[PDB]
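Here's the letter readout for the chains.
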Amino acid sequence: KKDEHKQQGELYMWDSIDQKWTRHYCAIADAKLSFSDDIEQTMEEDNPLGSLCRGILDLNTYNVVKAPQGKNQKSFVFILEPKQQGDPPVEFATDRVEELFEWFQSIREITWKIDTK
């Protein structure tokens, strides 16, 4: 028995702004991943726009790499490496082994693997 369904939830991304791990509302649609701004750890100084889609990963020009021993107070981290030209990388992390293999395997399902013919 198997059932396909959109993978949506929360994730963590390295924030050099405050050098810490905040909570972001992620959601994969079609072949892209959109993460929203802090939903509780908001650092709005003057309460800017905020909006919903703070950023999206085309997942068509990146590379996933399982970072060992995690990064920055982490033990399990994954880094995205753009393939466009000279774009910056992005670090991700979780608090469980299941959430890690679940969210990161999906990100890889679009980047690490690409079926086009």
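Here the residues of each chain are numbered from 1 in the order the sequence is written, which can differ from the numbering of the entry; residues without coordinates are not included. The side-chain values count all of the structure's non-hydrogen atoms but skip hydrogen atoms and water molecules.

The deposited coordinates derive from solution NMR.

Draft legend 1. Molecular detail of the nonpolar core. Grouped together as the largest cluster of nonpolar side chains are 19 residues, with contacts concentrated most on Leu33, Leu57, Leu80, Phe104 and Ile107. Elements with a contribution of two residues or more to this core: β1 (8–15), β2 (20–29), β3 (32–36), β6 (77–80), β7 (90–93) and α1 (97–110). Among the elements that take part in this core, α1 stands out by supplying five residues, more than any other. Any two residues whose heavy atoms approach within 4.5 Å are treated as being in contact. When near neighbours in sequence (up to four residues on either side) are disregarded, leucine 80 contacts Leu57, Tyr62, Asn63, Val64, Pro89, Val90, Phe92 and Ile107. To qualify as a nonpolar core, a set must consist of buried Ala, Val, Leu, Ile, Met, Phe, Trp, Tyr and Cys residues joined through side-chain atoms within 4.5 Å. Burial status follows relative accessibility: with a 1.4 Å probe on protein chains alone, a residue under 20% of its type maximum counts as buried, one over 50% as exposed, and anything between as partly exposed. Residues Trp21, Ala67, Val77 and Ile79 belong to the second largest nonpolar core, which totals six residues. Secondary structure elements are taken from DSSP: a helix is a run of H or I of four residues or more, a strand is a run of E of two residues or more, and numbering for both begins at the N terminus.

Draft legend 2. Broad picture of the sheet that holds β3. DSSP calls a pair of strands paired once it identifies at least 2 bridges connecting them. Taken in spatial order, the seven strands make up an open sheet running β4-β3-β2-β1-β7-β6-β5, and their pairing is antiparallel. Whereas interior strands pair on both sides, the edge strands pair on one side only; in this sheet they are β4 (53–57) and β5 (64–67). The average undirected angle you get between the axes of adjacent strands in this sheet is 35 degrees. Relative to β7, β1 runs antiparallel, the two being bridged by two bridges. In the sheet register, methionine 13 faces β7, and the bridge partner there is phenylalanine 92. In this description, a line fitted to the C-alpha atoms serves as the axis of each element, helices being fitted only across the stretch in contact, and the angle between N-to-C directions of two axes falls anywhere from 0 to 180 degrees.

Draft legend 3. Looking closely at the packing of aromatic side chains. Stacked, edge-to-face and tilted are the three classes for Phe, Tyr and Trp ring pairs, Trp counted by its six-membered ring, which pair at centre distances within 6.5 Å; planes under 30 degrees apart are stacked, over 60 edge-to-face, the rest tilted. Enumeration according to the criterion identifies three aromatic pairs in this entry. Each member of the aromatic cluster is reached from another via a ring pair, and the members are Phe78, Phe92 and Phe104. A ring is scored as having a charge over it whenever the NZ atom of a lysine or the CZ atom of an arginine sits within 6 Å of its centre and within 35 degrees of its normal. The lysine or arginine in question, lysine 74, covers the ring of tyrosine 12, its NZ or CZ lying 5.5 Å from the ring centre.

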